[PDB]
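Novice: Data: entry.csv, CSV, C-alpha atoms.
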chain,number,residue,atom,x,y,z
A,691,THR,CA,6.8,0.2,-43.5
A,692,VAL,CA,5.3,3.7,-44.3
A,693,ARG,CA,4.5,5.0,-47.8
A,694,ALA,CA,3.1,8.4,-48.7
A,695,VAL,CA,-0.1,8.5,-50.7
A,696,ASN,CA,-0.8,11.4,-53.1
A,697,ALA,CA,-4.2,13.0,-53.5
A,698,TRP,CA,-4.7,11.1,-56.7
A,699,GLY,CA,-4.1,7.8,-54.9
A,700,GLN,CA,-0.5,7.0,-56.0
A,701,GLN,CA,2.1,5.5,-53.6
A,702,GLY,CA,5.6,6.5,-53.1
A,703,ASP,CA,8.8,4.6,-52.4
A,704,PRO,CA,8.7,2.7,-49.1
A,705,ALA,CA,10.6,3.5,-45.9
A,706,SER,CA,10.9,1.0,-43.0
A,707,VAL,CA,12.1,0.5,-39.5
A,708,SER,CA,12.3,-2.6,-37.3
A,709,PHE,CA,11.6,-3.1,-33.6
A,710,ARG,CA,11.6,-6.1,-31.3
A,711,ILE,CA,9.2,-7.0,-28.5
A,712,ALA,CA,11.3,-9.1,-26.0
A,713,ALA,CA,10.6,-11.4,-23.1
A,714,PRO,CA,11.6,-10.2,-19.6
A,715,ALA,CA,15.1,-10.9,-18.4
A,716,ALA,CA,15.9,-13.2,-15.5
A,717,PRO,CA,16.6,-11.7,-12.1
A,718,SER,CA,20.2,-10.5,-11.7
A,719,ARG,CA,20.4,-11.1,-7.9
A,720,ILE,CA,18.1,-12.4,-5.1
A,721,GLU,CA,18.3,-11.0,-1.6
A,722,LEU,CA,17.6,-13.3,1.3
A,723,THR,CA,17.1,-11.9,4.8
A,724,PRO,CA,16.7,-14.6,7.5
A,725,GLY,CA,13.9,-14.4,10.0
A,726,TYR,CA,12.7,-16.3,13.0
A,727,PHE,CA,11.4,-19.3,11.1
A,728,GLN,CA,10.9,-17.4,7.8
A,729,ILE,CA,13.0,-16.5,4.8
A,730,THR,CA,12.3,-13.5,2.6
A,731,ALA,CA,13.2,-13.3,-1.1
A,732,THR,CA,13.2,-10.0,-2.9
A,733,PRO,CA,14.4,-10.4,-6.5
A,734,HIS,CA,15.9,-7.4,-8.3
A,735,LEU,CA,16.7,-6.4,-11.9
A,736,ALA,CA,19.2,-4.1,-13.5
A,737,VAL,CA,16.6,-2.5,-15.7
A,738,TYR,CA,13.4,-1.2,-13.9
A,739,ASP,CA,10.9,-3.0,-16.1
B,789,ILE,CA,12.6,-17.4,-9.4
B,790,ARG,CA,11.6,-16.3,-12.9
B,791,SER,CA,10.2,-13.0,-14.2
B,792,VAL,CA,6.8,-13.1,-15.8
B,793,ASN,CA,5.1,-10.6,-18.0
B,794,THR,CA,2.0,-10.6,-20.2
B,795,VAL,CA,4.1,-11.3,-23.2
B,796,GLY,CA,6.3,-14.0,-21.9
B,797,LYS,CA,8.5,-15.5,-19.1
B,798,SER,CA,12.2,-15.6,-18.3
B,799,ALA,CA,14.4,-18.5,-17.2
B,800,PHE,CA,14.7,-19.8,-13.6
B,801,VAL,CA,17.3,-18.4,-11.2
B,802,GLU,CA,18.5,-20.3,-8.1
B,803,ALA,CA,19.1,-18.9,-4.6
B,804,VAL,CA,20.0,-20.7,-1.3
B,805,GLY,CA,19.0,-19.3,2.1
B,806,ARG,CA,18.5,-20.3,5.7
B,807,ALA,CA,16.5,-19.0,8.7
B,808,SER,CA,18.1,-17.0,11.5
B,809,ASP,CA,20.4,-18.8,13.9
B,810,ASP,CA,21.0,-16.1,16.6
B,811,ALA,CA,19.0,-17.8,19.3
B,812,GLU,CA,20.7,-15.7,21.9
B,813,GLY,CA,19.2,-12.5,20.4
B,814,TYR,CA,15.7,-14.0,20.4
B,815,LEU,CA,16.2,-15.2,24.0
B,816,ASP,CA,17.3,-11.8,25.2
B,817,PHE,CA,13.6,-10.8,25.0
B,818,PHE,CA,12.9,-13.4,27.7
B,819,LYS,CA,15.8,-12.3,29.9
B,820,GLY,CA,13.8,-12.0,33.2
B,821,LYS,CA,10.3,-13.3,32.5
B,822,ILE,CA,10.8,-17.0,33.0
B,823,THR,CA,9.2,-18.1,36.2
B,824,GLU,CA,8.5,-21.4,38.0
B,825,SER,CA,5.2,-21.7,36.1
B,826,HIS,CA,7.1,-22.2,32.8
B,827,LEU,CA,9.1,-25.0,34.4
B,828,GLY,CA,8.1,-28.6,33.6
B,829,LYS,CA,7.1,-31.3,36.0
B,830,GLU,CA,10.5,-33.0,35.9
B,831,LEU,CA,11.9,-29.7,37.0
B,832,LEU,CA,9.4,-28.9,39.8
B,833,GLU,CA,10.2,-32.2,41.6
B,834,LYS,CA,13.6,-30.7,41.8
B,835,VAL,CA,12.1,-27.7,43.6
B,836,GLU,CA,10.3,-29.9,46.2
B,837,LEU,CA,13.5,-32.0,46.6
C,691,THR,CA,-12.5,24.8,-25.8
C,692,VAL,CA,-15.3,23.6,-28.0
C,693,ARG,CA,-16.7,25.3,-31.1
C,694,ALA,CA,-19.5,24.3,-33.4
C,695,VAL,CA,-18.6,23.9,-37.1
C,696,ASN,CA,-21.3,24.5,-39.7
C,697,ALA,CA,-21.7,22.4,-42.9
C,698,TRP,CA,-20.1,25.2,-44.9
C,699,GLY,CA,-17.1,25.2,-42.5
C,700,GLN,CA,-17.7,28.3,-40.4
C,701,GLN,CA,-16.9,28.3,-36.7
C,702,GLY,CA,-19.0,29.7,-33.9
C,703,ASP,CA,-18.2,31.5,-30.7
C,704,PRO,CA,-16.1,29.4,-28.3
C,705,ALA,CA,-17.1,27.8,-25.0
C,706,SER,CA,-14.5,26.8,-22.4
C,707,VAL,CA,-14.1,24.6,-19.3
C,708,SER,CA,-11.1,24.1,-17.1
C,709,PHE,CA,-10.0,21.0,-15.2
C,710,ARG,CA,-6.8,20.0,-13.3
C,711,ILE,CA,-4.9,16.8,-12.9
C,712,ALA,CA,-3.3,16.6,-9.5
C,713,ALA,CA,-0.7,14.7,-7.7
C,714,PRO,CA,-1.9,12.3,-4.9
C,715,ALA,CA,-2.3,13.5,-1.4
C,716,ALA,CA,-0.1,12.5,1.5
C,717,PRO,CA,-1.3,9.8,3.8
C,718,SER,CA,-3.5,11.1,6.6
C,719,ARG,CA,-3.0,8.5,9.3
C,720,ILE,CA,-0.6,5.5,9.5
C,721,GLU,CA,-1.6,2.5,11.6
C,722,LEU,CA,1.2,0.6,13.4
C,723,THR,CA,0.5,-2.8,14.9
C,724,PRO,CA,3.4,-4.3,16.9
C,725,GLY,CA,4.4,-7.9,16.4
C,726,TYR,CA,6.9,-10.4,17.8
C,727,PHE,CA,10.0,-8.7,16.2
C,728,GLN,CA,8.1,-7.1,13.4
C,729,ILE,CA,6.1,-3.8,12.8
C,730,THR,CA,3.3,-3.5,10.3
C,731,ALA,CA,2.5,-0.1,8.6
C,732,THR,CA,-0.9,0.3,6.9
C,733,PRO,CA,-1.3,3.8,5.5
C,734,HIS,CA,-4.8,5.3,4.9
C,735,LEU,CA,-6.3,8.2,3.0
C,736,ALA,CA,-9.5,10.2,3.6
C,737,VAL,CA,-10.4,9.8,-0.1
C,738,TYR,CA,-10.4,6.4,-1.8
C,739,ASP,CA,-8.2,7.2,-4.8
C,740,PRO,CA,-7.8,3.7,-6.3
C,741,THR,CA,-4.7,4.6,-8.3
C,742,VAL,CA,-2.5,5.3,-5.3
C,743,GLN,CA,0.2,2.9,-4.0
C,744,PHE,CA,2.3,3.7,-0.9
C,745,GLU,CA,6.1,4.0,-0.7
C,746,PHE,CA,7.9,3.0,2.5
C,747,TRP,CA,11.2,4.3,3.7
C,748,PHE,CA,12.8,3.0,7.0
C,749,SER,CA,15.1,4.9,9.3
C,750,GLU,CA,16.8,3.9,12.5
C,751,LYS,CA,17.2,7.5,13.6
C,752,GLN,CA,14.8,10.5,13.3
C,753,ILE,CA,15.6,12.7,10.2
C,754,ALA,CA,15.7,16.5,10.7
C,755,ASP,CA,14.8,17.5,7.1
C,756,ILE,CA,12.2,15.9,4.9
C,757,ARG,CA,14.3,16.6,1.9
C,758,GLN,CA,17.1,14.6,3.5
C,759,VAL,CA,14.8,11.6,3.9
C,760,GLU,CA,15.3,10.4,0.3
C,761,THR,CA,19.1,10.2,0.6
C,762,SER,CA,19.7,9.1,4.2
C,763,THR,CA,17.0,6.5,4.7
C,764,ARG,CA,16.6,3.1,3.0
C,765,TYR,CA,14.0,2.3,0.3
C,766,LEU,CA,12.0,-0.7,1.6
C,767,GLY,CA,9.6,-0.9,-1.3
C,768,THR,CA,6.1,-0.1,-2.6
C,769,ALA,CA,2.9,-2.0,-1.6
C,770,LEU,CA,-0.5,-1.5,0.0
C,771,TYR,CA,1.1,-2.6,3.3
C,772,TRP,CA,4.5,-3.5,4.6
C,773,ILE,CA,6.0,-5.6,7.4
C,774,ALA,CA,9.5,-5.2,8.7
C,775,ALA,CA,10.7,-8.5,10.3
C,776,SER,CA,14.4,-8.8,11.0
C,777,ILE,CA,16.9,-9.2,13.9
C,778,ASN,CA,17.7,-5.5,13.9
C,779,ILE,CA,14.1,-4.7,15.0
C,780,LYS,CA,14.4,-5.0,18.8
C,781,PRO,CA,11.7,-4.3,21.5
C,782,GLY,CA,14.0,-1.8,23.3
C,783,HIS,CA,14.7,0.6,20.4
C,784,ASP,CA,12.4,2.9,18.6
C,785,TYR,CA,12.1,2.9,14.8
C,786,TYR,CA,10.8,5.6,12.4
C,787,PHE,CA,8.9,5.3,9.1
C,788,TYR,CA,8.5,7.6,6.1
C,789,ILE,CA,5.6,7.1,3.7
C,790,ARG,CA,4.6,8.9,0.5
C,791,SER,CA,1.9,8.1,-2.0
C,792,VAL,CA,3.0,7.4,-5.6
C,793,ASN,CA,0.9,7.4,-8.8
C,794,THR,CA,1.7,7.3,-12.5
C,795,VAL,CA,1.2,11.1,-12.5
C,796,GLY,CA,3.2,12.2,-9.5
C,797,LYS,CA,4.2,11.7,-5.8
C,798,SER,CA,3.1,13.2,-2.5
C,799,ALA,CA,5.1,14.5,0.4
C,800,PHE,CA,6.7,12.3,3.0
C,801,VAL,CA,4.8,11.5,6.3
C,802,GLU,CA,6.5,10.3,9.5
C,803,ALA,CA,5.4,7.6,11.8
C,804,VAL,CA,7.0,6.2,15.0
C,805,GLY,CA,6.5,2.6,16.0
C,806,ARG,CA,7.9,-0.2,18.2
C,807,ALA,CA,7.7,-3.9,18.4
C,808,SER,CA,5.6,-5.7,21.0
C,809,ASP,CA,6.8,-5.9,24.6
C,810,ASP,CA,4.2,-8.3,26.1
C,811,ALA,CA,6.9,-11.0,26.9
C,812,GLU,CA,4.7,-12.9,29.3
C,813,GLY,CA,2.0,-13.3,26.7
C,814,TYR,CA,4.5,-14.8,24.3
C,815,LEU,CA,5.9,-17.1,27.1
C,816,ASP,CA,2.4,-18.3,28.0
C,817,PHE,CA,2.7,-20.6,24.9
C,818,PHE,CA,5.6,-22.4,26.6
C,819,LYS,CA,3.9,-22.8,29.9
C,820,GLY,CA,4.5,-26.5,30.5
C,821,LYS,CA,6.9,-27.6,27.7
C,822,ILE,CA,10.3,-26.7,29.2
C,823,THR,CA,12.1,-29.9,30.1
C,824,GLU,CA,15.5,-30.9,31.3
C,825,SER,CA,16.9,-30.7,27.8
C,826,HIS,CA,16.4,-26.9,27.5
C,827,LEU,CA,18.6,-26.0,30.5
C,828,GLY,CA,22.2,-25.3,29.7
C,829,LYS,CA,25.4,-27.0,31.0
C,830,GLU,CA,25.9,-24.3,33.7
C,831,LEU,CA,22.4,-25.3,35.0
C,832,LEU,CA,22.7,-29.1,34.6
C,833,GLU,CA,25.6,-29.1,37.0
C,834,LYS,CA,22.9,-27.8,39.4
C,835,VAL,CA,21.1,-31.1,38.6
C,836,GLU,CA,24.1,-33.2,39.6
C,837,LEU,CA,24.9,-31.0,42.6
D,100,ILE,CA,-39.8,27.2,-6.6
D,101,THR,CA,-42.5,29.1,-8.4
D,102,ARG,CA,-42.7,31.7,-11.2
D,103,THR,CA,-45.4,33.2,-13.3
D,104,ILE,CA,-45.9,33.6,-17.0
D,105,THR,CA,-47.0,36.9,-18.5
D,106,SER,CA,-46.2,36.8,-22.2
D,107,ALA,CA,-49.2,37.0,-24.6
D,108,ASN,CA,-48.2,34.8,-27.6
D,109,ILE,CA,-46.6,31.5,-26.5
D,110,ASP,CA,-47.4,28.0,-27.8
D,111,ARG,CA,-45.1,25.6,-25.8
D,112,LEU,CA,-43.0,25.8,-22.7
D,113,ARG,CA,-39.7,23.9,-22.0
D,114,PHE,CA,-38.2,23.2,-18.5
D,115,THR,CA,-34.5,22.7,-18.1
D,116,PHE,CA,-33.8,20.8,-14.8
D,117,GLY,CA,-31.1,18.5,-13.5
D,118,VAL,CA,-28.9,17.4,-10.7
D,119,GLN,CA,-25.4,18.5,-9.5
D,120,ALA,CA,-24.4,14.9,-8.7
D,121,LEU,CA,-25.8,11.5,-8.0
D,122,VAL,CA,-22.7,9.5,-6.8
D,123,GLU,CA,-23.2,7.6,-3.5
D,124,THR,CA,-20.0,6.8,-1.6
D,125,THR,CA,-19.7,3.8,0.7
D,126,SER,CA,-17.7,3.6,3.9
D,127,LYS,CA,-14.9,1.7,2.1
D,128,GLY,CA,-14.9,4.3,-0.7
D,129,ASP,CA,-16.9,2.5,-3.4
D,130,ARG,CA,-19.2,4.7,-5.4
D,131,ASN,CA,-22.7,3.8,-6.5
D,132,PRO,CA,-25.5,5.4,-8.5
D,133,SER,CA,-28.6,6.9,-6.9
D,134,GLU,CA,-31.9,8.3,-8.1
D,135,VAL,CA,-34.1,11.4,-7.6
D,136,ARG,CA,-37.6,12.5,-8.6
D,137,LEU,CA,-39.2,15.8,-9.7
D,138,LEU,CA,-42.7,17.1,-10.6
D,139,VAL,CA,-43.6,19.9,-13.0
D,140,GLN,CA,-46.8,21.7,-12.1
D,141,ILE,CA,-49.0,24.2,-14.0
D,142,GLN,CA,-52.0,25.8,-12.3
D,143,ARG,CA,-54.9,24.8,-14.6
D,144,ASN,CA,-58.4,25.5,-13.4
D,145,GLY,CA,-57.9,26.4,-9.7
D,146,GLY,CA,-55.7,23.5,-8.6
D,147,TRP,CA,-52.1,22.5,-9.5
D,148,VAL,CA,-51.8,19.7,-12.0
Step by step, read the file and then write its structure as structure tokens.

Specialist:
Amino acid sequence: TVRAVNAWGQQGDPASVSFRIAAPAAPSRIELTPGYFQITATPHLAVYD
Amino acid sequence: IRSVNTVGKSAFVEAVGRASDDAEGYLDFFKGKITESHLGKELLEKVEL
Amino acid sequence: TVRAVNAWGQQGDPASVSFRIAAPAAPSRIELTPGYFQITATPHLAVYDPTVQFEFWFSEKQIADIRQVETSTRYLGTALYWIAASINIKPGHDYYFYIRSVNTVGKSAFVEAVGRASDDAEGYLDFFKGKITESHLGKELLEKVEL
Amino acid sequence: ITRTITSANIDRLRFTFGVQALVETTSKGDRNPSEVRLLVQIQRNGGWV
């Protein structure tokens, strides 16, 4: 909420805006490339993040 | 797999994978280099016989 | 530009200094150490530049134009070092790498490196010097045993 | 470096010195501080002090 203060100290009517901080999303897909005796997992997301 | 940030964590995601099964491709590297030395004792007695 | 302001508010003659923020430099040398079926690329720079991280692009065939590299090749990923272990990597064939440094401010130009997997088959087989037994031979070779 | 003073009425003298850099770079690329030493000499009596 932001209010504008005069030189004499008075305060105007309020104006507001709301935002959200969010937890990361789960991986959309996991790529598995078989190896000799190893397996490699490279997770990927739709959004770069 | 779950994504982790400084602010929070996501939910787990499941993936299933296996190692490589193309044994012939791996053996093609040893196409000509197997000699009598690599043979076992139970196979050398065949050589003498 | 810095100027000195009096107590009464006046401003003095200006003084100036100029600096430049620059994109990271391209890798100088790329070290390629062959493995069993894997190749390891470790880029290096003359200057330390702690901010830089390297970007690897893998190509089966040599690319004629550096501008074409971004489209034709495949984007392996970004890290300090990368290893490419898969079936497709074979000792007989040659494989090409393209590496560019990436920062928050900008990116460098692509650099090309050519590498191949290890070919010392006898050194690998020395691990199996005595452990081959009758089980490991195939059917076409066991009929030899009976014959 | 040496210079001579020829003015008649002076009461104090100020010397502005400095270094262009002091960073020391290791083989790996780490950077460490260093040090340097200076002496300011005036020819009192017959010998430099």

Novice: Name the closest residue to residue 824 in chain C among the candidates B:818, B:808, B:832, B:837; distances are taken between atoms, counting all atoms listed in the file.

Specialist: B:832

Novice: Quick one: of D:114, D:101, D:146, D:122, who's nearest to residue 134 in chain D, counting only C-alpha atoms?

Specialist: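 Using only C-alpha atoms, the shortest distance to residue 134 in chain D belongs to D:122.
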
Novice: Define the interface residues of chain C facing chain D as those within 9 Å, counting only C-alpha atoms, and report them as a PyMOL selection string.

Specialist: chain C and resi 737-739

Novice: Of the candidates C:800, C:787, C:771, C:727, which shows the shortest atom-to-atom distance to chain B, using all atoms listed in the file?

Specialist: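 Under the stated criterion, the closest residue is C:727.
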
Novice: What residues in chain A lie within 7 Å of chain B, counting all atoms listed in the file, written as a CSV table (one decimal) with C-alpha atoms, in the coordinates of the input?

Specialist:
chain,number,residue,atom,x,y,z
A,713,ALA,CA,10.6,-11.4,-23.1
A,714,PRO,CA,11.6,-10.2,-19.6
A,715,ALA,CA,15.1,-10.9,-18.4
A,716,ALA,CA,15.9,-13.2,-15.5
A,717,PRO,CA,16.6,-11.7,-12.1
A,720,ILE,CA,18.1,-12.4,-5.1
A,722,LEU,CA,17.6,-13.3,1.3
A,724,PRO,CA,16.7,-14.6,7.5
A,725,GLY,CA,13.9,-14.4,10.0
A,726,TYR,CA,12.7,-16.3,13.0
A,727,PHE,CA,11.4,-19.3,11.1
A,728,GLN,CA,10.9,-17.4,7.8
A,729,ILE,CA,13.0,-16.5,4.8

Novice: Can you check which residues of chain C have any atom within 10 Å of chain B? Use all atoms listed in the file and format it as a list in words.

Specialist: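 Matching residues, ligands excluded from the count: residues 726, 727, 776, 777, 778, 780, 781, 782, 809, 810, 811, 812, 814, 815, 816, 817, 818, 819, 820, 821, 822, 823, 824 and 835 of chain C.
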
Novice: Residue 715 in chain C: which residues within 8 Å, counting only C-alpha atoms, same-chain residues fewer than 5 positions away excluded, as a list in words?

Specialist: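 Selected residues are residues 735, 791, 798 and 799 of chain C.
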
Novice: What's the separation between CA of residue 119 in chain D and CA of residue 705 in chain C, in Å to one decimal place?

Specialist: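 Straight-line distance from CA of residue 119 in chain D to CA of residue 705 in chain C works out to 19.9 Å.
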
Novice: Which polymer residues have any atom within 9 Å of an atom of residue 769 in chain C, counting all atoms listed in the file, with same-chain residues fewer than 6 positions away left out, as a PyMOL selection string?

Specialist: chain C and resi 743-746

Novice: Using Å and a single decimal, report how far CA of residue 788 in chain C sits from CA of residue 802 in chain C.

Specialist: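 Between CA of residue 802 in chain C and CA of residue 788 in chain C the gap works out to 4.8 Å.
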
Novice: Can you put N, CA and C atoms back into range 101-128 of chain D and show it as a PDB file, in the frame of the given file?

Specialist:
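The resulting file, out.pdb, is reproduced below:
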ATOM      1  N   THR D 101     -41.451  28.759  -7.493  1.00  0.00           N
ATOM      2  CA  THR D 101     -42.500  29.100  -8.400  1.00  0.00           C
ATOM      3  C   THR D 101     -42.296  30.378  -9.175  1.00  0.00           C
ATOM      4  N   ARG D 102     -42.725  30.437 -10.428  1.00  0.00           N
ATOM      5  CA  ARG D 102     -42.700  31.700 -11.200  1.00  0.00           C
ATOM      6  C   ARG D 102     -43.935  31.809 -11.956  1.00  0.00           C
ATOM      7  N   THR D 103     -44.213  32.990 -12.486  1.00  0.00           N
ATOM      8  CA  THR D 103     -45.400  33.200 -13.300  1.00  0.00           C
ATOM      9  C   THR D 103     -45.095  33.604 -14.699  1.00  0.00           C
ATOM     10  N   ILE D 104     -46.036  33.307 -15.594  1.00  0.00           N
ATOM     11  CA  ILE D 104     -45.900  33.600 -17.000  1.00  0.00           C
ATOM     12  C   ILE D 104     -46.808  34.753 -17.375  1.00  0.00           C
ATOM     13  N   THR D 105     -46.266  35.727 -18.109  1.00  0.00           N
ATOM     14  CA  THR D 105     -47.000  36.900 -18.500  1.00  0.00           C
ATOM     15  C   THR D 105     -47.043  37.248 -19.938  1.00  0.00           C
ATOM     16  N   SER D 106     -46.264  36.555 -20.765  1.00  0.00           N
ATOM     17  CA  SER D 106     -46.200  36.800 -22.200  1.00  0.00           C
ATOM     18  C   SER D 106     -47.582  36.488 -22.831  1.00  0.00           C
ATOM     19  N   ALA D 107     -47.876  37.144 -23.955  1.00  0.00           N
ATOM     20  CA  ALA D 107     -49.200  37.000 -24.600  1.00  0.00           C
ATOM     21  C   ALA D 107     -49.175  35.777 -25.544  1.00  0.00           C
ATOM     22  N   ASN D 108     -48.265  35.767 -26.515  1.00  0.00           N
ATOM     23  CA  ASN D 108     -48.200  34.800 -27.600  1.00  0.00           C
ATOM     24  C   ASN D 108     -47.139  33.730 -27.344  1.00  0.00           C
ATOM     25  N   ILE D 109     -47.495  32.620 -26.702  1.00  0.00           N
ATOM     26  CA  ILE D 109     -46.600  31.500 -26.500  1.00  0.00           C
ATOM     27  C   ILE D 109     -47.395  30.211 -26.807  1.00  0.00           C
ATOM     28  N   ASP D 110     -46.746  29.221 -27.421  1.00  0.00           N
ATOM     29  CA  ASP D 110     -47.400  28.000 -27.800  1.00  0.00           C
ATOM     30  C   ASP D 110     -46.871  26.754 -27.022  1.00  0.00           C
ATOM     31  N   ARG D 111     -45.614  26.766 -26.585  1.00  0.00           N
ATOM     32  CA  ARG D 111     -45.100  25.600 -25.800  1.00  0.00           C
ATOM     33  C   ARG D 111     -44.068  26.190 -24.813  1.00  0.00           C
ATOM     34  N   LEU D 112     -43.826  25.393 -23.776  1.00  0.00           N
ATOM     35  CA  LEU D 112     -43.000  25.800 -22.700  1.00  0.00           C
ATOM     36  C   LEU D 112     -42.008  24.634 -22.360  1.00  0.00           C
ATOM     37  N   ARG D 113     -40.724  24.948 -22.204  1.00  0.00           N
ATOM     38  CA  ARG D 113     -39.700  23.900 -22.000  1.00  0.00           C
ATOM     39  C   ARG D 113     -39.011  24.191 -20.653  1.00  0.00           C
ATOM     40  N   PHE D 114     -38.818  23.124 -19.881  1.00  0.00           N
ATOM     41  CA  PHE D 114     -38.200  23.200 -18.500  1.00  0.00           C
ATOM     42  C   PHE D 114     -36.871  22.525 -18.557  1.00  0.00           C
ATOM     43  N   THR D 115     -35.843  23.247 -18.120  1.00  0.00           N
ATOM     44  CA  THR D 115     -34.500  22.700 -18.100  1.00  0.00           C
ATOM     45  C   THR D 115     -34.111  22.477 -16.593  1.00  0.00           C
ATOM     46  N   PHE D 116     -34.075  21.211 -16.193  1.00  0.00           N
ATOM     47  CA  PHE D 116     -33.800  20.800 -14.800  1.00  0.00           C
ATOM     48  C   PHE D 116     -32.563  19.912 -14.821  1.00  0.00           C
ATOM     49  N   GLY D 117     -32.179  19.454 -13.637  1.00  0.00           N
ATOM     50  CA  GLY D 117     -31.100  18.500 -13.500  1.00  0.00           C
ATOM     51  C   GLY D 117     -30.568  18.430 -12.121  1.00  0.00           C
ATOM     52  N   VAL D 118     -29.501  17.650 -11.956  1.00  0.00           N
ATOM     53  CA  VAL D 118     -28.900  17.400 -10.700  1.00  0.00           C
ATOM     54  C   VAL D 118     -27.422  17.772 -10.726  1.00  0.00           C
ATOM     55  N   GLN D 119     -26.871  18.204  -9.591  1.00  0.00           N
ATOM     56  CA  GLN D 119     -25.400  18.500  -9.500  1.00  0.00           C
ATOM     57  C   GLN D 119     -24.601  17.257  -9.486  1.00  0.00           C
ATOM     58  N   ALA D 120     -25.083  16.228  -8.795  1.00  0.00           N
ATOM     59  CA  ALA D 120     -24.400  14.900  -8.700  1.00  0.00           C
ATOM     60  C   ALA D 120     -25.373  13.890  -8.246  1.00  0.00           C
ATOM     61  N   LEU D 121     -25.009  12.627  -8.468  1.00  0.00           N
ATOM     62  CA  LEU D 121     -25.800  11.500  -8.000  1.00  0.00           C
ATOM     63  C   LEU D 121     -24.926  10.402  -7.356  1.00  0.00           C
ATOM     64  N   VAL D 122     -23.610  10.591  -7.277  1.00  0.00           N
ATOM     65  CA  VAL D 122     -22.700   9.500  -6.800  1.00  0.00           C
ATOM     66  C   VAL D 122     -22.982   9.309  -5.301  1.00  0.00           C
ATOM     67  N   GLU D 123     -23.050   8.039  -4.908  1.00  0.00           N
ATOM     68  CA  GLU D 123     -23.200   7.600  -3.500  1.00  0.00           C
ATOM     69  C   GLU D 123     -21.925   6.889  -3.090  1.00  0.00           C
ATOM     70  N   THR D 124     -21.291   7.357  -2.020  1.00  0.00           N
ATOM     71  CA  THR D 124     -20.000   6.800  -1.600  1.00  0.00           C
ATOM     72  C   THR D 124     -20.209   5.930  -0.368  1.00  0.00           C
ATOM     73  N   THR D 125     -19.665   4.719  -0.441  1.00  0.00           N
ATOM     74  CA  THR D 125     -19.700   3.800   0.700  1.00  0.00           C
ATOM     75  C   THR D 125     -18.652   4.110   1.700  1.00  0.00           C
ATOM     76  N   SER D 126     -18.700   3.395   2.827  1.00  0.00           N
ATOM     77  CA  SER D 126     -17.700   3.600   3.900  1.00  0.00           C
ATOM     78  C   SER D 126     -16.308   3.232   3.380  1.00  0.00           C
ATOM     79  N   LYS D 127     -16.191   2.118   2.655  1.00  0.00           N
ATOM     80  CA  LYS D 127     -14.900   1.700   2.100  1.00  0.00           C
ATOM     81  C   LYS D 127     -14.377   2.699   1.094  1.00  0.00           C
ATOM     82  N   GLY D 128     -15.281   3.391   0.408  1.00  0.00           N
ATOM     83  CA  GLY D 128     -14.900   4.300  -0.700  1.00  0.00           C
ATOM     84  C   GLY D 128     -15.516   3.928  -2.015  1.00  0.00           C
TER      85      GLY D 128
END
